[PDB]
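Take a look at this single chain in structure tokens; it is the form deposited in one PDB entry.
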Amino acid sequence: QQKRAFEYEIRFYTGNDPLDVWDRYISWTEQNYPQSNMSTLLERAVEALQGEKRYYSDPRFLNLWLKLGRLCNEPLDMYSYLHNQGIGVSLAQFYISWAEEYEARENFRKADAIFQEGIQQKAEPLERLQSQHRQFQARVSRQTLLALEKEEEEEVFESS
């Protein structure tokens, strides 16, 4: 076949950037199986890298967790945990992703708090975080104005 799975799996990895192997292996998987053993590769990468403070600001490390969060049925608990470990906390995408989960559940005040914390931390790229924050706010504001229109319409019906 193509058990390149074997080529990656042969971890007599002796270098100083272990995340590198996994990054390439994860990337290979989503490039060959666009939907895969993916979810158990991700769990393995993360466990292999469990407690490694040095990668807590690495976008390749955060990317593992964003991919897991997408598959996970409890991502909110996942982000809370990562935040307590200080994983991804200096990265804009960590906050964008966490806030989007709350926005999806219509908890706009929590999503906003997450953006604002990321901004106060000046998580990188800050301009991506600010842009996404403004887009989020605009979505909520627009949804509100349309909702209010539907309320006003029904309410006005009730008065006849």
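What we label the rigid core is the largest C-alpha set whose atoms superpose within 1.5 Å from one form to the other. Sequential numbering from 1, following the sequence displayed.
What follows is about the form deposited with a partner chain bound, which we do not show.
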Margin query: Given a 4.5 Å cut-off on heavy atoms, tell me which of 25-33, 103-111, 61-69, 89-97 is the interface stretch with the partner chain in the deposited bound form.
Written below: 61-69
Margin query: Even though the partner isn't displayed, in the deposited bound form is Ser39 close enough to the partner chain, meaning a heavy atom within 4.5 Å?
Written below: yes
Check: Does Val46 reach the partner chain in the deposited bound form, with heavy atoms at most 4.5 Å apart?
Finding: yes
Note to self: Since only the chain is shown here, I'm wondering whether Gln120 would be in contact with the partner chain in the deposited bound form (any heavy atom pair within 4.5 Å).
What the structure shows: no
Notebook entry, point to check: Once you line up the core, how about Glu9: does its CA shift reach 2 Å between this form and the one not shown?
Noted result: yes
Margin query: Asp58 and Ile10: their C-alpha distance differs by 3 angstroms or more in the deposited bound form. Do they come closer or move farther apart compared with the shown form?
Written below: closer
Note to self: Can you confirm the direction of the Cα distance change for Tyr25 and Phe6 in the deposited bound form, closer or farther than in this form, given it is 3 Å or more?
What the structure shows: closer
